[PDB]
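Enquirer: Provided hereafter are the protein sequence and its experimental coordinates.
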Amino acid sequence: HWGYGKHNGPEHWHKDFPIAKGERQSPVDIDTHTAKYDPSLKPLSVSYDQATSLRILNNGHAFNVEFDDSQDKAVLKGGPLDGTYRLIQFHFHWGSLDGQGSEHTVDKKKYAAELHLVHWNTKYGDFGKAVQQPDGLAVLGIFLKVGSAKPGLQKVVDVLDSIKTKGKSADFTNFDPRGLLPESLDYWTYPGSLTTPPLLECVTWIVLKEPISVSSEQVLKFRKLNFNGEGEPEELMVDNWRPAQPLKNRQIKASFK
Ligand SMILES: CC(=O)O[C@@H]1[C@@H](O)[C@@H](O)O[C@H](COS(N)(=O)=O)[C@H]1OC(C)=O
Ligand SMILES: [Zn+2]
């Protein structure tokens, strides 16, 4: 099926998923001098105090830390968002080298990786229904640069050995996503899509201005994961990012000057 290699990668997706060439695809390049400051944007509210993590899973495309979303335990509100969006999982995209890995770019600059915290609009009742709506999801995107270690990331790094290959999962309770946030919540926002098949155009993207720093040793451990399942030839899980798509008829708004 689909992947990130020469023969099944982003260039090929449109054949099974024609929406790949659609009206509001992600990610995009964020041209910082074209984005418009919008004073009508309310403050962004990230309420992760009661967050309940459950499990970490290698699905062959990335790894996901999954959350109990049966109640309003961890929610995103405010900013460009109307209503309440519940945290369902977070995952990362990263590169084979420190100079690439992010999905969004900032004035064409690629970061070593990108963290995505996926939330769904509670008005639609469940995640499956939400992805069929133009305002069904809100994904908070955070850039990673290589520098000093991120303490809040280490617990994730430590468990990757136990989910090396496709299909593996491990218990991952009591993880606090607040430890992955930068100091500032300044952001850009635009309407877009999922960055993997089925590429549904259901996402309000909120991308933070301030990157978090992770150590080279930390990102190196991401690159030791496998796309393949156990007992198959090793294909390192690296460069699992879609490149920037055309902005087309969209405007990127900024929460800051
Ligand atoms: C659970 C799962 O497969 O999560 C996916 C995940 O593991 C990854 O490949 O990234 C995908 C796209 O999400 S993104 N980049 O925020 O648009 C995910 O799809 C979905 C639907 O969340
Ligand atoms: Zn993602």
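Expert: That came through fine. Numbering: from 1, shown residues only. Ligands and ions are numbered 1, 2, ... in the order given.
Enquirer: State the three-state secondary structure for the residue most central in space within the chain.
Expert: The centre of the chain sits closest to residue 116, judged by C-alpha atoms, centre = their mean, with a distance of 2.0 Å. Secondary structure, DSSP: H, G, I helix; E, B strand; the rest coil: residue 116 is strand.
Enquirer: I figured it was touching residue 87, is that so?
Expert: No - assessed by C-beta atoms under 8 Å, residue 116 is found out of contact with residue 87, at 11.2 Å. The C-beta positions use only the backbone N, C-alpha and C, and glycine is treated the same way.
Enquirer: picking up where we left off before, give the contact list for the nearest residue to the residue nearest to the centre of the chain once chain neighbours are set aside.
Expert: Nearest residue to residue 116 in three dimensions, chain neighbours excluded: residue 139, at 5.2 Å (C-beta to C-beta, 6 or more residues apart in numbering). Contact analysis of residue 139 by C-beta atoms under 8 Å, 6 or more residues apart in numbering lists 116, 117, 118, 119, 203, 204, 205, 206.
Enquirer: Bridging across strands, which residues link to the residue nearest to the centre of the chain?
Expert: Residue 116 has these beta-bridge partners by DSSP bridges: residue 91, residue 141.
Enquirer: Let me have the contacts of residue 139 in JSON lines, extended by distance to ligand 1.
Expert: Formatted as JSON lines, the contacts of residue 139 follow (distance: C-beta to the nearest ligand atom, whole Å):
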{"residue": "116", "distance to ligand 1": "4"}
{"residue": "117", "distance to ligand 1": "8"}
{"residue": "118", "distance to ligand 1": "5"}
{"residue": "119", "distance to ligand 1": "10"}
{"residue": "203", "distance to ligand 1": "6"}
{"residue": "204", "distance to ligand 1": "11"}
{"residue": "205", "distance to ligand 1": "9"}
{"residue": "206", "distance to ligand 1": "11"}
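Enquirer: Looks to me like residue 19 is in a helix.
Expert: Yes - according to three-state DSSP, residue 19 belongs to a helix.
Enquirer: Could you check which helix or strand contains the closest residue to it other than its chain neighbours?
Expert: Excluding the flanking residues, the one nearest residue 19 by C-beta to C-beta, 6+ apart is residue 199, at 5.1 Å. Counting by DSSP states H and E, no helix or strand carries residue 199.
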